[PDB]
Amino acid sequence: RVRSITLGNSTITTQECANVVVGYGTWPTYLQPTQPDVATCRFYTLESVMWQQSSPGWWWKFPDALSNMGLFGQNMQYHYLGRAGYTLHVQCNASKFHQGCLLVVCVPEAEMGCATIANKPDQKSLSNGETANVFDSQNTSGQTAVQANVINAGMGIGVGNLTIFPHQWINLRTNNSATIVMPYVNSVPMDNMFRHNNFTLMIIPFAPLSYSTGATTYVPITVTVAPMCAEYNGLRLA
Amino acid sequence: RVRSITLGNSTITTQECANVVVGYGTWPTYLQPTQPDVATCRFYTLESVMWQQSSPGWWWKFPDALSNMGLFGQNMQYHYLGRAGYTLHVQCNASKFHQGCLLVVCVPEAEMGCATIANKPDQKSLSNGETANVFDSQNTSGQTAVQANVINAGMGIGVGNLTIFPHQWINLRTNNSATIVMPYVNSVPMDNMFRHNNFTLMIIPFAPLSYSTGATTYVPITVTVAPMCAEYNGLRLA
Amino acid sequence: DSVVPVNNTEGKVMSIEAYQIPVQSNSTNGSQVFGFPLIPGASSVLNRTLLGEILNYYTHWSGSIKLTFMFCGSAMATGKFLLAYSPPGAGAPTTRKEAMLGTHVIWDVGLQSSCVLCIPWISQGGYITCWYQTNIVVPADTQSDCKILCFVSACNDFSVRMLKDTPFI
Amino acid sequence: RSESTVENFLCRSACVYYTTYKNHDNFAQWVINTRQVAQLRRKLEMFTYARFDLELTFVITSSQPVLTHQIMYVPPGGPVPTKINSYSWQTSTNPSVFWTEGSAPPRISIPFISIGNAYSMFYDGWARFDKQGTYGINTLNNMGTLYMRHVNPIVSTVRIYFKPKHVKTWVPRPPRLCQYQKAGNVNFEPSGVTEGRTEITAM
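Encoded structure:
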């Protein structure tokens with residue numbers, strides 16, 4: 012019924028009945053000498069976020085989200101060129117007296133618009149590393165701010181069409197988790213992990229959280245990330 | 012899923028998935053002519069006790085606990101020498117909105133200390149027959165009283181080490197029952213059941229009972245006892 | 050296995066409460082729940098357990114130990130804890146993130162009522191800490207907090223070498 | 059389902075650029095760009111990556137003996153005219169066509185030319201992380217530039238017709254909801270998902 016998964020020196024627990032979404036039907040694989057690194061294939065658990073009846077949604081940019089994360093974060097600095105796939109585990113802690121529904125979606129090349137049309141968004145507004153950015157329910161206003169109104173997913177599209185990207189729904193009535201496997205996707209086989217975010221993870225409520233009186237007023241959402249088949253440019257003589 | 016067990020003229024219901032602890036890995040067996057008696061092999065259900073958020077624990081001494089119990093109680097008086105093993109079924113009635121945890125342990129030769137160091141405890145303070153004695157949360161004071169402070173299990177040991185004796189834990193989160201099979205244990209093959217208590221059953225909370233508002237304020241605990249392989253000295257000419 | 054008096058603070062040592070690690074359902078996220086020096090023959094937490102008592106009769110000993118953590122909240126309670134182990138000489142994590150980057154297990158009480166660790170090394187130190195990854199989510203407003211019980215025993219073939227008087231008389 | 063294929067959806071001619079120049087700074091230019099026409103841009107942006115060859119046809123007219141025009145293509149990284157008589161007009165690595173009025177319009181084919189394995193429609197990154205003004209610029213999408221001049230007072234008008242060929246695309250995206258604001262970015266005015274109705278029920 013319950014499965015224990017160990018990678019490196021870290022262990023997490025998932026359910027055996029949980030479904031797995033493999034984006035684009037493709038599993039991550041290995042690919052001017054290139055050096056693989058398996059020392060980083062462990063689970064990195066991000067600080068959880070709290071889901072309130074009024075939460076508009078959250079997002080993370082991945083190569084950046086793990087930039088401070090130990091050895092993975094170090095390989096990004098010692099090597100200049102590289103690639104990796106990821107497994108993303110998203111779980112909610114809720115009782116049978118809670119209701120609500122989330123869309124958990126991974127979006128490739130999620131270029132985002134600016135609150136001011138004449139400008140481009142700043143680096144921090146686009147990503148705060150391991151700290152989640154928050155979608156707005158209203159229109160965003162600022163000079164370098166990301167236009168975060170959730171209705172357009174910050175991209176100028178309708179939010180209900182994000183289902184075109186690898187995703188899973190979490191309906192607290194039936195499931196409290198999602199697993200997404202994201203293959204490396206780019207126009208080039210390897211890139212500079214500090215100048216480009218391969219994908220963005222977005223968690224957007226479509227059915228507001230609510231609960232019976234006396235129940236806990238919020239639901240924790242945890243995101244755990246496990247890199248796969250990471251590869252970097254070699255650092256030695258030929 | 013649910014099992015009906017009938018002994019003699021009495022029936023109880025237990026779960027098929029319930030675990031059974033066989034003390035010391037030994038099942039009770041039969042052993052100057054000696055006469056077996058199967059007429060007493062029935063279930064004797066003791067008056068239940070109520071578990072409150074502040075309950076310190078309960079205990080029973082066995083040969084004595086069943087001394088008023090019909091025929092078993094009579095064989096103890098008609099015969100002078102004998103032996104028996106026991107199956108003890110301990111069950112709790114609680115909802116999914118209750119929490120707490122009990123240690124159910126059977127302790128051989130549980131000689132208990134007196135509240136006054138200079139004295140020895142009286143017979144009633146040691147056992148009240150089928151009525152449970154209660155452990156204290158404070159130090160006991162009296163001249164013939166049993167030192168019942170639960171922290172030392174009334175024996176001068178730390179209570180957390182009682183797990184060395186045959187036992188089972190009841191965590192209301194996962195189970196509401198325990199079954200312990202106790203073989204006859206002594207220095208002699210048969211003894212006088214009115215001058216010696218082979219073992220004491222102790223039920224000690226390690227996690228206080230608590231519950232959601234509106235839920236029943238207490239949890240009933242029922243102890244059911246079934247003697248096995250009872251044997252007594254013969255009462256006839258050779 | 051015997052129950053470990055983890056909450057052996059002044060005023061708790063004289064009660065059964067010494068064994069009960071409190072869990073505050075609405076505590077600050079990322080705060081420490083509990084933790085201790087992992088030394089069976091010296092730490093006040095472990096030296097009176099069945100394992101701890103036996104080892105106090107020997108001058109030298111070594112082996113691995115097993116630690117079991119059991120959650121005793123309501124059936125409908127859910128949430129996560131981070132159980133982290135700090136190897137000998139590594140000190141102890143100061144934050145949840147630091148603990149997360151070392152060796153650990155995420156314990157989701159909604160799936161597993163208990164979690165078991167086996168320390169590769171215990172000798173005549188390292189640390190165990192537990193962090194509040196999430197709060198504890200319940201369906202109803204309860205009267206009190208939740209408790210965790212901790213148990214300890216020898217894990218593998220454990221060795222002792224020279225007999226001595228116990229230090230407890 | 060033939061009209062639904064990627065090739066039938068995208069392999070269609072469009073007028074992408076209109077300009078005038080005179081025979082008396088008097089030259090025209092166009093950077094090849096797939097974000098100049100809203101209908102072309104919206105169809106291409108339903109994908110994240112693409113590869114295609116480009117067919118370019120030039121409709122050239124003029125008004126006040138035989139006029140000859142030169143159309144020059146400068147590949148990414150090639151020399152660029154700043155003046156009508158710049159040396160770059162004669163570079164051998166900048167292909168050009170010499171055409172006279174009265175014949176069929178000029179047509180040339182430019183192959184896929186990125187050094188990446190696909191052109192990207194979107195880029196969640198910076199050309200340089202030290203300059204925040206470079207967000208969204210993928211230099212691998214440089215398709216080259218066209219320059220146009222008379223060979224030797231008249232006014233010429235040029236219409237450039239663009240047609241993708243042998244088109245392959247990857248990673249489909251939602252169609253844009255918002256109207257386009259600028260060609261150099263994805264900025265938008267927050268917009269509602271659909272047109273409204275008066276009540277949730279039928280009739």
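First to last, the sequence lines map onto chains B, B', C and A. A prime marks a further copy of an entry chain.
If you count by the deposited numbering, then the first sequence holds residues 12 to 42, 52 to 258, one letter each, in order.
If you count by the deposited numbering, then the second sequence holds residues 12 to 42, 52 to 258, one letter each, in order.
If you count by the deposited numbering, then the third sequence holds residues 50 to 173, 187 to 231, one letter each, in order.
If you count by the deposited numbering, then the fourth sequence holds residues 59 to 82, 87 to 126, 137 to 224, 230 to 280, one letter each, in order.
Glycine included, every Cβ here is placed at the ideal spot set by N, Cα and C.
Would you say residue 23 of chain B reaches chain C, if we count a Cβ-Cβ gap shorter than 9 Å as a contact? By this cut-off, residue 23 of chain B is an interface position.
Outcome for residue 260 of chain A when other beta-carbon atoms lying within 10 angstroms are tallied against a minimum of 16: exposed
Find out if the Cβ-Cβ distance for the pair residue 219 of chain B, residue 130 of chain B is shorter than 9 Å. yes
Three or more beta-carbon pairs under 8 Å between the stretch 227-239 of chain B' and the stretch 120-130 of chain B', yes or no? Two segments are said to touch when three or more pairs of C-beta atoms, one from each, lie closer than 8 Å; by this definition the stretch 227-239 of chain B' touches the stretch 120-130 of chain B'.
To be precise: take each residue of the stretch 149-183 of chain A, compare its Cβ to all Cβ atoms of chain B, and keep it if any distance is under 7 Å. Which residues remain? Those would be none; no residue qualifies.
Report buried or exposed for residue 109 of chain C, applying the criterion of at least 16 other Cβ atoms within 10 angstroms of its Cβ. Exposed.
Spell out whether any CB of chain C is found under 9 Å from the CB atom of residue 223 of chain B'. no
Candidates C/69, C/61, C/60, of which the one nearest residue 207 of chain C by Cα: Out of C/69, C/61, C/60, C/69 has the C-alpha closest to the C-alpha of residue 207 of chain C.
Residue 219 of chain C in three-state terms, based on DSSP: coil
How would you call residue 237 of chain B', buried or exposed, if buried means at least 16 neighbouring beta carbons within 10 angstroms? exposed
Given a cut-off of 9 Å on the beta-carbon distance, is the pair residue 120 of chain C and residue 132 of chain C in contact? no
Excluding sequence positions up to five away, which residues of its chain have a Cβ less than 7 Å from the Cβ of residue 60 of chain B? Here the set comprises 91, 92, 95, 247, 250.
Residue 17 of chain C versus C/60, C/71, C/94, C/59, residue with shortest Cα-Cα distance: No answer is possible for residue 17 of chain C: the residues shown for chain C start at 50 and end at 231.
Enumerated in chain order, which unbroken segments of the beta strand (DSSP E) with a length of 3 residues or greater are wholly contained in the stretch 57-104 of chain B'? 69-71, 78-81
Residue range of the alpha helix (DSSP H) that includes residue 64 of chain A: Note, residue 64 of chain A: alpha helix (DSSP H), 64-68.
Which residues in chain B' have a C-beta closer than 9 Å to the C-beta of residue 52 of chain C? List them in chain order. 123, 178, 179, 180, 181, 182, 183, 226, listed in chain order.
Assuming residue 198 of chain A and residue 215 of chain B form a contact by the criterion Cβ under 8 Å, report the distance between their Cβ atoms to the nearest whole angstrom. 5 Å
Contact belief for residue 239 of chain A with residue 71 of chain A at Cβ below 8 Å, rounded distance in angstroms: 7 Å
On a CA-only basis, which of B/85, B/58, B/15 is nearest residue 245 of chain B? Give me that one, please. B/85
Residue 224 of chain C to residue 66 of chain C span [Cα, whole Å]: Looking at the two C-alpha atoms, the distance is approximately 35 Å.
With a threshold of 9 Å between beta carbons, is residue 196 of chain C in contact with chain B? yes
Whole-number beta carbon distance between residue 105 of chain B' and residue 269 of chain B', since they are thought to touch under 8 Å: No information on residue 269 of chain B' is available, as it lies outside the stretch 12 to 258 that chain B' covers here.
Within 8 Å, do at least three Cβ pairs link the stretch 64-78 of chain B to the stretch 152-165 of chain B? yes
Using a Cβ cut-off of 9 Å (strictly closer), state whether residue 61 of chain C contacts chain B. Using beta-carbon distances, residue 61 of chain C does not count as an interface residue toward chain B, since no partner is under 9 Å.
Would you list, in chain order, the members of the stretch 153-174 of chain B' that have their beta-carbon closer than 8 Å to a beta-carbon of chain C? Answer in chain order: 157, 170, 171.
Please return the same chain residues whose Cβ sits closer than 6 Å to the Cβ of residue 73 of chain A, not counting the five positions on each side in sequence. 236, 238
Helix, strand or coil at residue 131 of chain B [DSSP, three-state]: coil
If I measure Cβ to Cβ from residue 267 of chain A and keep anything under 8 Å in the same chain, skipping five residues before and after, which residues do I get? 255
Is the shortest distance between the beta-carbon of residue 120 of chain B' and the beta-carbons of chain C less than 9 Å? yes
Buried versus exposed, by CB contacts within 10 Å (16 or more), residue 250 of chain A: buried
Taking all protein chains shown into account, decide if residue 137 of chain B is buried (16 or more other Cβ within 10 angstroms of its Cβ) or exposed. exposed
I'd like to know whether the C-beta of residue 184 of chain C is nearer than 9 Å to at least one C-beta of chain B'. This model leaves out residue 184 of chain C; its place in chain C lies between 173 and 187, and no residues are given there.
Reduced DSSP secondary structure (H/G/I, E/B, other) of residue 181 of chain B': helix
Host alpha helix (DSSP H) of residue 101 of chain C (start-end): 99-103
Residues of chain C with CB closer than 8 Å to the CB of residue 199 of chain B', please, in chain order. Against chain C, a Cβ distance below 8 Å from residue 199 of chain B' picks out nothing, because the smallest value is about 19 Å.
Length of the line joining the Cα atoms of residue 116 of chain A and residue 192 of chain A: 15 Å
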